[PDB]
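Notes to accompany the following structure.
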Amino acid sequence: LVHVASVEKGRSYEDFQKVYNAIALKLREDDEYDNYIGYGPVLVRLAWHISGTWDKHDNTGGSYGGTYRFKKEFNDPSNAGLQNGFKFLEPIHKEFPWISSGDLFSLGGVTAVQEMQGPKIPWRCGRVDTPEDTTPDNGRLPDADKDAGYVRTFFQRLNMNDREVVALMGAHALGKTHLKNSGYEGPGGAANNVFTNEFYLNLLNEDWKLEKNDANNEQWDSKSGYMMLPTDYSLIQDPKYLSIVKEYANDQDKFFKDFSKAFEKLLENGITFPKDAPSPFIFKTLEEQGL
Ligand code: HEM
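Residue numbers (this note's numbering): 330 to 620.
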């Protein structure tokens, strides 16, 4: 398939900035969510999940068609817990009905990161809603109980290399696991709602113990009360991964630059942007607009 981006008819930057502003203001306002974590984390996860079903082999899946909106994808077990991100976005959509779904879902991840103090992520509009039959089957999202080879192999399907994988994993600093959703439980550090290189620092600095949890799954638990999934821990088991983890742990800026590029790439996978398409936008945060 070819999925050409097509700008929402007659909309420009300022139109997008408004959807952004709306998501942002609601993030501010719904700060009680998940014990005061806020909805940031879950939106980031949502944008990753709708993008992660992509398959470089046949160009199927990916963010383009907003298929997450269909039952099949919505009900994907790997998507448990995402319905909250959805519900949060719904009223926004209602307010700006001309925005396509893939555009909205993805724009929320961007807003989330930036509002949580992360780096600015350039973003492009143009995703087009596609039919229910374009919905990818379940099983395209990664499992958490594996190792580094698994992770490397998986991400290759999305054209991400080693540096991209590690950068993107740095998002694991945010939110937490929820028993009922994934069978894992616990936060991965202390500033779980601010975007920093904490993830890397925790992986290198804590004294991790392997143990089973109440869902009878294994996780790496630290004394401070943090946890790491196997796939997370595997970043220190692989030598190639580990040197990159070290770099980010030592330089937040580098990490921010690499994340930013990787995230965009991840959200733009499988989409063709015509030469005449507008450049990527860089949205101002609420704070830069004095709002
Ligand atoms: C090997 C790859 C990954 C796997 C196996 C993994 C698996 C998981 C699991 C099991 C959860 C917790 C679900 C819950 O019970 O609520 C989680 C949380 C989350 N994931 Fe990943 N994930 C992966 C990669 C990523 C990447 C690439 C991103 C974004 C770049 C992402 C961002 C997050 C976010 C921000 C959270 C927190 C969600 C919340 O607090 O609700 N993860 N991930």
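Ideal Cβ positions, reconstructed from N, Cα and C, are used throughout, including at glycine.
To which residues of the same chain is residue i closer than 7 Å at the C-beta, ignoring the five residues directly before and after it?
| i | result |
| --- | --- |
| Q446 | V523 and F524 |
| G339 | none |
| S430 | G395, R398 and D458 |
| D360 | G367 |
| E461 | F399 |
| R486 | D384 and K385 |
| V331 | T601 |
| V373 | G438, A441, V442, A500 and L503 |
Tell me the DSSP secondary structure of residue i in three-state form.
| i | result |
| --- | --- |
| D550 | strand |
| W537 | strand |
| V333 | strand |
| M489 | coil |
| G515 | strand |
| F585 | helix |
| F610 | strand |
| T506 | strand |
| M445 | coil |
| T440 | helix |
| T463 | helix |
| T525 | coil |
Which residue from the options puts its Cα closest to that of residue i?
| i | options | result |
| --- | --- | --- |
| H507 | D466, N526 and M556 | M556 |
| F592 | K505, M489 and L564 | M489 |
| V495 | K509, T560 and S435 | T560 |
| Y562 | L532, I611, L596 and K552 | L532 |
| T614 | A334, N542 and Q346 | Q346 |
| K552 | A334, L375 and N534 | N534 |
| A334 | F484, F612, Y393 and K505 | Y393 |
| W377 | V336, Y365 and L497 | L497 |
| residue 283 | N364, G554 and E493 | Given that the chain is displayed from residue 330 to residue 620, the structure contains no residue 283 and the question cannot be resolved. |
For residue i, I'd like the list of residues in its chain whose CB is within less than 6 Å of its CB, leaving aside the five on either flank, ordered along the chain.
| i | result |
| --- | --- |
| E402 | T396 and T464 |
| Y529 | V574, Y577 and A578 |
| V439 | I450 and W452 |
| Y342 | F610 |
| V371 | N413 and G414 |
| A520 | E527 |
| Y362 | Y368 |
| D491 | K569 |
Does at least one heavy atom of the ligand MG sit under 6 Å from the Cβ of residue i?
| i | result |
| --- | --- |
| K423 | What this structure holds is the ligand HEM, not the ligand MG. |
Legend entry - Contact between the stretch 513–522 and the stretch 603–613 (3+ Cβ pairs under 8 Å): no
Legend entry - Validate contact between the stretch 563–580 and the stretch 546–554 using beta carbons, cut 8 Å, 3 pairs: The stretch 563–580 is not in contact with the stretch 546–554.
Legend entry - Given 8 Å, three or more beta-carbon pairs between the stretch 612–620 and the stretch 478–486: The stretch 612–620 vs the stretch 478–486: no contact.
Inset, instruction - Tell me the start and end of each unbroken alpha helix (DSSP H) in the stretch 380–438 that is at least 4 residues and wholly inside, in chain order. - result: For the stretch 380–438, the continuous alpha helix (DSSP H) assignments of 4+ residues that do not extend past its boundaries occur at 400–403 and 412–424, in sequence order.
Inset, instruction - Check whether the stretch 415–430 touches the stretch 574–588, counting contact only when three or more Cβ pairs, one atom from each stretch, lie closer than 8 Å. - result: no
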